[PDB]
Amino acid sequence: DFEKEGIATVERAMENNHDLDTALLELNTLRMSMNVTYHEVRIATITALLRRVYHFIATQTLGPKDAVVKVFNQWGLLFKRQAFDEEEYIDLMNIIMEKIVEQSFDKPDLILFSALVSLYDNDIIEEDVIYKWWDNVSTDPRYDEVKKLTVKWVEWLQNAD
């Protein structure tokens, strides 16, 4: 039950353009209200953002990369207060990858690469957690497509380290 309501809460704050502080206040109130954890919150927030990205692309209102950037550059900041330790950030990235596949975008690899890069540029995620996430990432072939681009990115990051 919390899911749907959480998705709705986030969708509202991005739409009728809420500043974050206020979006997180309502969302967190809902979190305690319905007694759910931050994992559930991350799921709700991530699917909410990814749906808006999808909508932007499917309606040709914005190209893939642009759509991801438009959404994540602004709202991805919500994540820094939805994850407090390493595994929670690892979980954060796993969900994004999983939800992208689930949403079925046409160039999964580009969507996931763009989303992670946006977060990286905004300092929500740094190399250390990124390597950890990547080292423990699922090898289920179902993720082969979405990982194509990001795998090179992680590699580039290691070399440039």
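Residue numbers here begin at 1 and follow the sequence given.
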Mean Cα B-factor check, 59-67 vs 93-101, entry values; winner is 59-67
Mean B factor on CA atoms, stretches 144-152 and 17-25, record says higher is 17-25
For the C-alpha B-factor as written in the entry, point me to the maximum among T47, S114, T37, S33.
-> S33
Where does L119 sit by CA temperature factor within its chain: lowest, middle or highest third?
-> lowest
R51: CA temperature factor from the record, placed by chain third, in the middle
Sorting the chain's CA B-factors, does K132 end up in the lowest, middle or highest third?
-> middle
